[PDB]
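One chain comes next, on its own, written out as structure tokens in the form solved without the named molecule.
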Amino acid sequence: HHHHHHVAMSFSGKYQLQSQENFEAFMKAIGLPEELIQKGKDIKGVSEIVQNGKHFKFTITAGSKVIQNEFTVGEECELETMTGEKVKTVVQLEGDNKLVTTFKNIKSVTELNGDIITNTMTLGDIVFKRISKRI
């Protein structure tokens, strides 16, 4: 009560993998080995995001290691993939609890819905999806 001065929703929180679709098709296409794919779809990972005003931290716990990144929105930084490949880009927000970023041919769209994180990525013709839930 008595809060949110024309600003609401918050990417700050920790989350937990519920489900994912096109995972194997995407992981094979980005050149990961079948070992990391079979453990990556079986073992449900954890995920964490920290909003820091203009700054944003991304943390994704796979079934063996965590990938940590940081950027500032509208500033030109880099993001690490699960394969360990390093790629420069800029991230934007459409004012509607949804971040958007592209790379070369990969169109990534994160979406916060309360205590749920929807995430939809589109590399070429492959459409990777991922759902996590805020613990």
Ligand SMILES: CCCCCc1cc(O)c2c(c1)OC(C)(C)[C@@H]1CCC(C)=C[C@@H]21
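From 1 onward, residues are counted along the sequence shown.
Keep in mind that the form deposited with the named molecule bound is not shown, yet the notes after this line are about it.
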For this session: Tell me, yes or no, whether residue 29 is in contact with the named molecule in the bound PDB entry, where a contact means a heavy atom of each within 4.5 Å.
Result: no
Exercise. So, in the bound PDB entry, is residue 126 in contact with the named molecule at a 4.5 angstroms heavy atom limit?
Worked result: no
Exercise. Does at least one non-hydrogen atom of residue 72 fall within 4.5 angstroms of the named molecule in the bound PDB entry?
Worked result: no
For this session: Decide whether residue 51 counts as a contact residue for the named molecule in the bound PDB entry under a heavy atom distance cut-off of 4.5 Å.
Result: no
